[PDB]
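Encoded as structure tokens, the structure appears first; notes follow it.
So that you can tell them apart, the chains are marked A, B, C, D, E and F in the order they are listed, and the count of residues begins at 1 in each.
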Amino acid sequence: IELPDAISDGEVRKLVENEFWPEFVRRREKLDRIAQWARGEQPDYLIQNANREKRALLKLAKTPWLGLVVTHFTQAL
Amino acid sequence: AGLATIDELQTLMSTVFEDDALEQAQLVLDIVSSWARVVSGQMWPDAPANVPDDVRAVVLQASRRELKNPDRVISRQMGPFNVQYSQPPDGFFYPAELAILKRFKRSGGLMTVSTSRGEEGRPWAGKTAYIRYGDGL
Amino acid sequence: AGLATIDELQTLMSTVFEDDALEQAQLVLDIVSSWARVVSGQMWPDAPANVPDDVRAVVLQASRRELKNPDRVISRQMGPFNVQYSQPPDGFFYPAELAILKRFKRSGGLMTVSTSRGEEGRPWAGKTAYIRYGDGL
Amino acid sequence: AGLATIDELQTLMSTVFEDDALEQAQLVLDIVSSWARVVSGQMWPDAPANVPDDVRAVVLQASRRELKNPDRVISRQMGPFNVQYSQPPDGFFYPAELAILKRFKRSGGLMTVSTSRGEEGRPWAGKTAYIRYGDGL
Amino acid sequence: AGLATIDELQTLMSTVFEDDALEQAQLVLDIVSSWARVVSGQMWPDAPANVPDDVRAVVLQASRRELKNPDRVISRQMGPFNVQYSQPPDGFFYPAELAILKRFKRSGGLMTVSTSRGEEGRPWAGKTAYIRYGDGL
Amino acid sequence: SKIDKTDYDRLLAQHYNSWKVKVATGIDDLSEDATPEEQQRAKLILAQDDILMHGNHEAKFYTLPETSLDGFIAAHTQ
């Protein structure tokens, strides 16, 4: 990405579509992933995709902990 | 089937098989090859092409034992002549031969079975209830 | 029944069956095929069609043992000639043959039985007492 | 194959092999060499070049044992003459010979197998979420 | 190889070796010397130079045992003459002979193997981050 | 130096022998086509549901007890 001195009055979309939108999507995917991580569904380093029972047990063990910490911190401010 | 041929068996026995003896030897060799295949667990599609020397030795030895005595006789004598054999094995192969036949088995042979508590499992009861509150990305 | 035919048995024994010997051999082979079927647990609807080489070997061997001696003689002699066989199998098959036959059984053979405490179970005592207080959706 | 040659075997047996006896002896020696190769675990590409004296001794003794009696007899007598051999080993390679052959195996022979809990592992769930906030160094 | 010579073996056996018997005796002695070398673990570069009396005794006795009977016969009789030998030892050397041969092994023979947890080890992650803040001494 | 030596001894005990080592005897060897240290990724599945079994009645499964890892902590505290 580059910082443009001009504001691109007549060509703002040209600069946006090739410099801002890709960076915006690159940040948005990570922000969405971390938001999903916050509200439960912690990152599963090990997951069994072959056994349905094991996958169900793993999903049943996804206790939300970081979300509780965030809620506790934000409720005292 | 037919891991081994008939010429090397003839050389090993120092005799020639003819008439029903040739057919009997071929049938015995086919039986022994099938038993070795089922013990090892492999298939050997092209039978007399790869056929490692270990399985050839096993099948030739077992065919020789089967031809020498099919009734698994311990001691047999006719008049003055007498001869006593060792203890015959349970199968066509002695326990020492079985282990090397089991060499081709994957890992050390300690295969396991996946048990279950009679449950199917539905790892989706709680995830599909979420309603899309974003831009659809 | 009849996993194996009579021609290959004749070649294995190097003899031809005739008169009641053929009928006796056929009956023995049918008995052995039934025993192998019940030990393995399969059915084999088309008997001499699939009939894997393992069960053919087992039934031919058992038929040969039965024809050689039906009384399970250990040592038999008449005059100068003497012969002493090994220990006969219990029913018909040596432990190796039984282990080979039990290959077709599902899993490792460690089948289980579902026990109960003499209870039927009624998982509805408490759910049908709810009265519909909505729109009937 | 063919770890040993035929001249030293002839000198050991104090006899000369000819006609089909030479072919039978060569086949026996090749079979025993294959058994020794599979027991030791090595390959020996150039067979009669390195071929340490231990494996030569083992294969020569096993070939002599096979030639002396292929049916593994215990006691054999012909009228006034009688001879009774010792207990034959499980196949070839008497336990001391087996221990000698297993010398070439790596370490003490206590090889292990790497087990797993049916998991692949993804050591990147949490590292790629970091966004570069520096100069790109 | 050849820890022992042929003259002292001839004196011990009270016979003279000739024709192919000398070659067979030399081959047997070389085999026994190789077995003693591999059991003891030493090399003995100059074979008939140092060659302690213990290994000479062991190889001479083993060679005599092999020459007396190569088939490890227990009892052998021809007509009125009969003779029965003791139980042949495993391999070539009796347990006392094996214990004597293993004398040259380092320590008491309780050698160990260095195991590992599949780790290489990098004892420098934390030391090279220090920046020289002195005079460079 | 003594404290660091005690810590090193505790680390050696914990890193080399701290789990019940599972061993087997009586089964065959030199399997997997006489493995020349090839294809080390055997991936033998071993979980709670899996039950090990071998086709030999002479096979024995032993376990090796590990260090209790209790004296080292007391020694370091002292």
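The working rule: contacts are C-beta pairs under 8 Å (C-beta built on N, C-alpha and C of every residue); 3 or more make two chains touch, one makes a residue touch a chain.
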{"item": "Joint neighbours of subunit D and subunit A, given as chain labels", "value": "B"}
{"item": "When subunit B is superposed on subunit D by its C-alpha atoms, the rotation angle in degrees, nearest 5", "value": "30"}
{"item": "Maximum centroid distance from subunit E, chain identifier (CA atoms)", "value": "A"}
{"item": "For subunit B paired with subunit F, centre-to-centre distance based on mean C-alpha positions, whole Å", "value": "33"}
{"item": "Subunit D-subunit F separation of Cα centroids, rounded to whole Å", "value": "29"}
{"item": "Approximate Å spacing (C-alpha centroids) for the pair subunit A, subunit C", "value": "62"}
{"item": "Intercentroid distance (Cα basis), subunit F paired with subunit A, Å", "value": "41"}
{"item": "Sequence positions of subunit B contacting 2 or more other chains", "value": "100, 103, 107-108, 110, 113-114, 116"}
{"item": "Subunit A: positions in contact with at least two other chains", "value": "51, 54"}
{"item": "List of subunit F residues in touch with subunit D within their complex", "value": "29-30, 34-37, 40-47"}
{"item": "Subunit B-facing residues of subunit F, complex", "value": "24, 27-34, 42, 44-47, 49-55"}
{"item": "Interface residues, subunit D side, partner subunit A - complex", "value": "118-123, 125-126, 129, 131"}
{"item": "Interfacial residue positions of subunit B with respect to subunit A in the complex", "value": "114, 116-117, 119-123, 126-127, 137"}
{"item": "In the complex, subunit B residues that touch subunit D", "value": "8, 11-12, 14, 53-54, 56-57, 60-61, 64-65, 68-69, 80-86, 94-97, 100, 103, 107-108, 110"}
